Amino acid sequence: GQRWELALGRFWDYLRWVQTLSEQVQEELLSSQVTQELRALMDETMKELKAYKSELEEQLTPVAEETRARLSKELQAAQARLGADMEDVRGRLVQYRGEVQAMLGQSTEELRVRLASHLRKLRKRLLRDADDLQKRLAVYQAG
C-alpha cells in the first residue's frame, strides 16, 4: 500500500501482539516500552498521512469550488479521528500500567480481562475510521 498505510500496518502488527497480553507483553507494558513504541508508530502514521494528502493535491481533477474545500475539510477531520483513535489506544495502556503499579504483588488477571475487552473495542473504532479515511482519500483526486 501507500506509505501511511504501511505505517498504520506496523501499528496494527504491534497492537495485535500487545492484545495477546503474554508475559513478554506485560514486561514491555510495565516498563512503558509499549506506549513509547505506539507513540512512535502513531506519529509516523500521521506524518505520512499529512505528506500523502499534500502530494495528492498535485493531481486533482478540477472540481467545483465548494466541492474541493468541503472534501478537504472532510479529509482533515478523518485524519484527526485516526490520530485521536491511536492516542486513545496508547492512553488506555498508560492507565493499565498505573493500575498494575498501584497493586503490590496481587493478581492482574481481572485487569487484563477488562483491558482486553476495551482494546477490542478501541481497535474496532480505529479500524472503521481507517477504512473511512482510505475511502475518502481514494475519491479525493476525482472529487
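A residue's number is simply how far along the shown sequence it sits, counting from 1.
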May I ask whether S54 is missing from the deposited models in at least a third of the other compared entries?
-> no
Coordinates absent for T67 in a third or more of other entries | yes
Stretch with the higher entry mean CA B-factor, where the candidates are 131-139 and 9-17 | 131-139
114-122 versus 55-63 - which carries the larger mean C-alpha B factor in the record = 55-63
Tell me which of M103, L93, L41, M86 tops the list for C-alpha B factor in the record.
-> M103
Which of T45, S31, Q36, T108 ranks first by CA B-factor in the deposited coordinates = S31
Split the chain's modelled residues into thirds by Cα B-factor; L82 lands in the middle
